[PDB]
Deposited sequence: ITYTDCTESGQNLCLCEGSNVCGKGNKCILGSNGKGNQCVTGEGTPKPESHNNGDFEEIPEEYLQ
C-alpha cells in the first residue's frame, strides 16, 4: 500500500497535510490542505501496467 496525494476534496487514505495520510473517519479539504473529521472517501487504487504478452489461456480460465 503506497499512500499518494489526495486528488479531490473529501478523499481519505491519501496524503493531505504534507506527507501525512488522512485516515479513515477523516476527510481531506483541498485548501493549506486540511485533514478533517468526517467520513471521507479513499482515493481509489491506481492500476499501473497492462502491456503483457500472451500467457497460455489454459491459465486464463
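Enquirer: In sequence order, what intervals of the deposited sequence carry no C-alpha positions?
Expert: Going by the record, the one segment left unmodelled (no C-alpha atoms) falls at 32-35.
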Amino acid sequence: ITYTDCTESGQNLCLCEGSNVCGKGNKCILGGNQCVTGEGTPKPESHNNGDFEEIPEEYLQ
From here on, numbers count along this sequence of modelled residues.
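Enquirer: Determine, for stretches 38-46 and 7-15, which one has the higher mean CA B-factor as deposited.
Expert: Higher mean C-alpha B-factor in the PDB entry: 38-46.
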